[PDB]
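**Student:** Sequence first, structure after, both from an experimental entry:
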Amino acid sequence: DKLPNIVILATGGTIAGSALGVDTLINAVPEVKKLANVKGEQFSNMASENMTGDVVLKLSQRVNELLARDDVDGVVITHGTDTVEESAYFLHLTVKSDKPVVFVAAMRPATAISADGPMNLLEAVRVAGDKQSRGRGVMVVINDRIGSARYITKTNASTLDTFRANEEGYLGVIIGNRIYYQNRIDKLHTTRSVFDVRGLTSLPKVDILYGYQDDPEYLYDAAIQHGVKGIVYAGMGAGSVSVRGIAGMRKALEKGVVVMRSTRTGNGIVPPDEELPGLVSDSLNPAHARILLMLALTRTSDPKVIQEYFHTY
Amino acid sequence: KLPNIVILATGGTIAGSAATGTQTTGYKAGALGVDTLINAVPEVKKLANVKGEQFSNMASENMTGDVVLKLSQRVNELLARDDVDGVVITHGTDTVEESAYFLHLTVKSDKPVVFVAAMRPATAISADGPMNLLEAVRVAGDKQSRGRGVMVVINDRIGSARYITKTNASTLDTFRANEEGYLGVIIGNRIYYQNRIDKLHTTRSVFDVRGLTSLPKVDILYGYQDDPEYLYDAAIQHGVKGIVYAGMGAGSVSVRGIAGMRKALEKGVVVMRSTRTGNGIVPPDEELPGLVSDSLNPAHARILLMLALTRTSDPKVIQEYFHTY
Amino acid sequence: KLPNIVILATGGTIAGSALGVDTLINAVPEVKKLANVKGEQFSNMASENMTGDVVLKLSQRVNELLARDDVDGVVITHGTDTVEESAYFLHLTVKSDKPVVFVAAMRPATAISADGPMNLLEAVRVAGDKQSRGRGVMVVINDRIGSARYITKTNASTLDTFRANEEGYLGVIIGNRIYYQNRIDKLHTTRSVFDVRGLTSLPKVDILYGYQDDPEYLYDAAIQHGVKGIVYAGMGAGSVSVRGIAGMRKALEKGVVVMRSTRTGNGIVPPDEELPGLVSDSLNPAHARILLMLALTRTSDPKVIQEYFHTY
Amino acid sequence: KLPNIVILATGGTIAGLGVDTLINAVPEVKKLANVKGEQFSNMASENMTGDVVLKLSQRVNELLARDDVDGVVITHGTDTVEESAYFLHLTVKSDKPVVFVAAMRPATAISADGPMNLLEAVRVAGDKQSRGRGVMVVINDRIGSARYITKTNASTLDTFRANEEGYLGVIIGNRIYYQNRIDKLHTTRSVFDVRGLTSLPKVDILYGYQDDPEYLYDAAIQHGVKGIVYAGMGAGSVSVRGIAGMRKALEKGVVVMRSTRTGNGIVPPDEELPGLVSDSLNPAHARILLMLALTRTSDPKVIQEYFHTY
């Protein structure tokens, strides 16, 4: 081991060029050879909008397996952009290793002009292989930037630069074939996390309900009746709740559903409010809130413990 | 001369101190709220001849389409009058973008309509509301403000109602339009106009609602991993005319979402694919069901879809409204 | 009929490899479906070495091209470092409503995931579109359409460097389609008064930085070398130290125009009658300088120049 | 009981001796801390100087050694707080909270920010999770690291930002939410001690633009500058005129530091270009470090390593 050993797990199609697909990827971008000893694995093949808790769970298990081996220094997972933040945050909380776990994606198809995936892959591999990258949590790498799974989110439908943490910034950047680490997230993750799900084959059902003018109560009932253990509320402003939403939350709590108030806004803190039902999501966005609420619910259903989870994770 | 500005209030005051030390409150017994407001910021009197009017009294999270409808119609009456040069509207920050965009589409006047709000309680140390109102009144009263569409004014910034959004739950600077910027900024008691929106609005808008008392039900459904079909069902069952998909990425749809959407379409519901991301273009994609939302975020998409649905059920017409408004 | 678009190259190509402009056109052959393009190698330098004299000629050429009825628009390949300067110059001096689209690339043409190919394609689409007319000069990169008056390189090294934080993008290009969002509320192009077609050189204008312990000797240097104007990349909102105030006042005595701008990157420098010189409005140093050069060709009267800075 | 926080003032009040006016104007601070006002100086940040910042550093170190000071809040003008704050970032030998604070609106102005800015700043200094995080600038509900934070906008409340690096934390609902820890050396881990020094090396900043003059480099040389920070075009790019000027300076043993006028991001190494590169330090920050750098060494390599690690 002189060049590091990197396993590129593919969860979908290639993001570079045009076998399994993970072989097309590595063929298309031969320069990763010079960065690391790479071995492909086509873990799954789906588009990220179809990625599912059950599979992310299998991916968390696979990645833990890989990072236990001594002949693997880090893992690069190719993933679609749409839910990479959800997958990433899941493995952020559940991977019991300091070894680097780098999600990578592309905002343009590999056949498109000026495709971003090739250089995205190169940056991702370089981040996984470099030994300064240990203990930073799960990372998302794209467009010269390194996001923390817990903070990074896809902020823009269709642009290369979509991945941003406006308030938290990037862990680091890759410019001129070199890595600049700027931040260490000040949250628990990976080896310091309490969430181990190597036992499980299934996760609690958690659904996200939006906040808006005239938001209907009936979507709360529906969700209760299909037996969710958690509702995340992508709420108006700072998790503000209409009379209708309060009513729906009253009825969820009575059935022992955990209600987690987040924000549709895009950024920032949802502060405690005891005049308002349910928990609050700190600075976790809806998609991240659900991921943590699910994992919370596999270990407890005590409001106070889960709340503290949201403040520390 | 000073212009004539009505200040419609929709909730509690955004300006006014309480009592600590030896000072006494600006919250008098039985005081209306918009009077509390105007008495708390007598510097507005220098900018305009203002007249308070308590239109409603709720937190913006409880603002309802049906109330917004009356607000639009109330504003139209005012702006038709000669004795009214512009209108400022105090509103909670949470859904001001929703209310603002409604009137952006439905006010048949070039006269400035400025929403104003506050992220800090009036009684807070360093409350933003005072200066927010001053700016808001200045923008409504200036002649250069005519024909710009409905504006949202807060933290020294003038946001178009079509683009502006609350991007942070808690901060003073929450209202941004990352890709579209601000129409203008207020700095040193001077207005600096930077942009005119290149979309239809107000007096060039077809969404007349002057004789309406009701609006089509539109609901919004989130896109996420393991997103349930049954939520589409639930919306359909409750008779929604439209569904706005707060979509994954560029309105990407899971197998479950596609199932739910093609069900909604069969029963005559218009599906509108937007994004949860917070920004950017959801492009056309004839591989996927429903229409797409251009750069309209879910909250805005709902408003335009509601108003389009008052005029048509024709997807091709609705889509074009979403590219032009 | 496709639109006819002349492509002026000011430097090396930004797409493909082997005139650089032919290498460019060939390397992205999809542009031929969008417009009929002729290439033309105006110059060949890195944007860093782009000079006022050369930019004047670029403006004059673009006016020649757009005077012709057989040209619907122009695309100008330019380096990222000073495109905002070149572009703002033409923004003010091109007497046409026809599209003028600066384009650039943050990665070399031969890099992995080079942005240049797609930037160019978008640039031509914008240049070729009829909704694009009368919007002023544009900078098109990373799916964005930036107004030359607002857009700036906000980052040393990133693809997404060109932003206008406060005033946003004129529009965006997503899925082979232009989405127009804003028209700049400022005078430009055919409503500009700046017509430099009779000129062969431009007044000398320098930019001095504001910072703790900033020296007056830099003002002296500027004055002694005959600058007609000085732009001040001021601390905050054009704030001036005692040393700055001395050097400005000395400059003003000598009849140099002083324009107080900001090093912050964004925002309004407002009027302050207690401080010397003029204020840049929301013009960043680099834009401020362009407009001061041109203003100096017509007037040396501070009142008139102040109005320019508020309306251009 | 409460922690003991000294408020040093470098100018007039930002709420309501300025520093007594300030504390009387914000009596809610005394429920957060035990506050001793102290009027260090009285100037607009525009006039703050290296020799004064050097004294402010020394003074702050004095206070932080005392057992009856848990941390220090420093009122300062917005225009150059980033320079002052980053100087102390590097030269304060203590883990105790050093929080700069400021206001974009004057104290008399409607909806002034100084009161809540100060309150927040005191809360950040009084909190015990605030230790060991570097010098901090607190304003508009945000805690920014001196090394990254900058005044991005001439005239706005929200001007203080670090687009790429983000905020160390935020204060929302009277509670501090720490987000990141800066992954750079600072305070107690810094090598820069200036408690001995009386004055500082001369470092000036020249802008990069079209038609930039060589003669300003000449002038800088002839007025005896020890370093020149280049606020360069794009990524430290240099015109032919800038190169010649930079070469002359390097001949004379002046350390040339290539930064960016762009306002954010990395200037990368480039052995074909003269001088050092500023990493992600903007011109204002780069000058500060180059100053302190030149008090220990004038070896390019060592200084370059400073720039990558501080």
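**Tutor:** Yes, it's here. Numbers count the residues shown, from 1 in each chain, chains lettered A, B, ... in the order given.

**Student:** which element is residue A:221 on?
**Tutor:** Assigned by DSSP states H and E, residue A:221 belongs to helix A:218-225.

**Student:** contacts for that helix?
**Tutor:** Helix A:218-225 is contacted from outside by A:207, A:209, A:231, A:245, A:247-249, A:251-252, A:255, A:257, B:219, B:228, B:230-231, B:233-235, B:238, using CB atoms under 8 Å, 6 or more residues apart in numbering or on different chains. (Each C-beta comes from the backbone N, C-alpha and C, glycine too.)

**Student:** And stretch A:12-22, by the same measure?
**Tutor:** A:8-10, A:24-25, A:27-29, A:40-42, A:44-48, A:78-80, A:104-106, A:110-111, A:115, A:117-118, A:120-121.

**Student:** Keep these, but drop any that are not near chain B.
**Tutor:** A:47-48, A:80 (CB under 8 Å from any CB of the partner chain).

**Student:** rewinding a little: give me the buried subset of the contacts of stretch A:12-22.
**Tutor:** By neighbour count, with 16 or more other CB atoms under 10 Å in any protein chain shown, the contacts of stretch A:12-22 hold A:8-10, A:24-25, A:28-29, A:40, A:42, A:44, A:47-48, A:78-80, A:104-106, A:110, A:115, A:117-118, A:120-121 as buried.

**Student:** Take the residues you listed and keep only those in strands.
**Tutor:** A:8-10, A:40, A:42, A:78, A:104 (DSSP state E).

**Student:** Report the two of the residues you listed separated the most.
**Tutor:** The widest separation within these, taken as CB to CB, falls between A:42 and A:104 and amounts to 15.0 Å.

**Student:** Close to chain C: what parts of the stretch 51-200 of chain A are there?
**Tutor:** So far as CB under 8 Å from any CB goes, the stretch 51-200 of chain A lies against chain C at A:108, A:112-120, A:122, A:143-144, A:157-161, A:173, A:175-176.

**Student:** Give me the buried subset of these.
**Tutor:** Buried, going by 16+ other CB under 10 Å: A:108, A:113-120, A:122, A:143-144, A:157-161, A:173, A:175, out of these.

**Student:** okay, now the residue of the stretch 101-250 of chain A found nearest chain D: neighbour count?
**Tutor:** Proximity to chain D, evaluated over the stretch 101-250 of chain A using CB to the nearest CB, is greatest for residue A:169 at 2.4 Å. Neighbour count for residue A:169, taken as other CB atoms under 10 Å in any protein chain shown: 27.

**Student:** That one contacts residue A:181, correct?
**Tutor:** No - counting by CB atoms under 8 Å, residue A:169 sits too far from residue A:181 to count as a contact (11.7 Å).

**Student:** Would you state the helices of chain A in chain order?
**Tutor:** A:22-28, A:53-68, A:84-94, A:117-129, A:218-225, A:243-254, A:286-297, A:303-312 (DSSP state H).

**Student:** Packing partners of the last one?
**Tutor:** The one in question is helix A:303-312. strand A:258-261, strand A:279-280, helix A:286-297 (3 or more CB pairs under 8 Å, 6 or more residues apart in numbering or on different chains; DSSP states H and E).

**Student:** contacting residues around the residue of chain A most remote from its centre?
**Tutor:** Most distant from the centre of chain A: residue A:243, at 32.1 Å, with distances by CA atoms, centre = their mean. With contact taken as CB under 8 Å, 6+ apart, residue A:243 is in contact with residue B:62.

**Student:** what does residue A:54 give?
**Tutor:** With contacts defined as CB under 8 Å, 6+ apart, the neighbours of residue A:54 are A:201-203.

**Student:** most surrounded residue in those?
**Tutor:** Of those, with other CB under 10 Å as the count, residue A:203 tops at 20 neighbours.

**Student:** what's the domain layout of chain A?
**Tutor:** Per automatic domain parsing, the structural domains of chain A span A:5-192, A:206-312.

**Student:** now the ones in strands among the buried ones among the contacts of stretch A:12-22 as a markdown table including distance to chain D?
**Tutor:** Putting those into a markdown table (distance: CB to the nearest CB, whole Å) gives the following:
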| residue | distance to chain D |
| --- | --- |
| A:8 | 26 |
| A:9 | 27 |
| A:10 | 29 |
| A:40 | 31 |
| A:42 | 34 |
| A:78 | 25 |
| A:104 | 19 |
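
**Student:** Could you pick out the residues of chain A near chain D for me?
**Tutor:** A:151, A:165-170, A:172-173, A:175-176, A:178, A:180-186, A:268-269, A:271-272, A:282-283.

**Student:** ok, 7 Å please
**Tutor:** When proximity is defined as CB under 7 Å from any CB of the partner chain, chain A approaches chain D at A:165, A:167-170, A:173, A:175-176, A:180-186, A:269, A:271-272, A:282-283.

**Student:** Put the buried members of the residues you listed into a ChimeraX selection.
**Tutor:** Buried subset of the residues of chain A next to chain D, written as a ChimeraX selection, criterion 16+ other CB under 10 Å:
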select /A:165,167,168,169,170,173,175,180,181,182,183,184,185,186,269,271,282,283
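
**Student:** so what's the closest residue to chain B within the stretch 1-150 of chain A up against?
**Tutor:** Nearest to chain B in the stretch 1-150 of chain A, going by CB to the nearest CB, is residue A:82, at a distance of 3.6 Å. For residue A:82, the contacting residues are A:48-49, A:154, B:248-249, B:252, by CB atoms under 7 Å, 6 or more residues apart in numbering or on different chains.

**Student:** How about the residues of the stretch 1-150 of chain A by chain B?
**Tutor:** So far as CB under 7 Å from any CB goes, the stretch 1-150 of chain A lies against chain B at A:49-53, A:81-83, A:86.

**Student:** scratch that, the stretch 201-313 of chain A is what I was asking about
**Tutor:** So the stretch 201-313 of chain A meets chain B at A:207-208, A:210, A:212-214, A:216, A:218-219, A:222, A:226, A:234, A:236-243, A:263, A:265-271, A:286-287, A:290 (CB under 7 Å from any CB).
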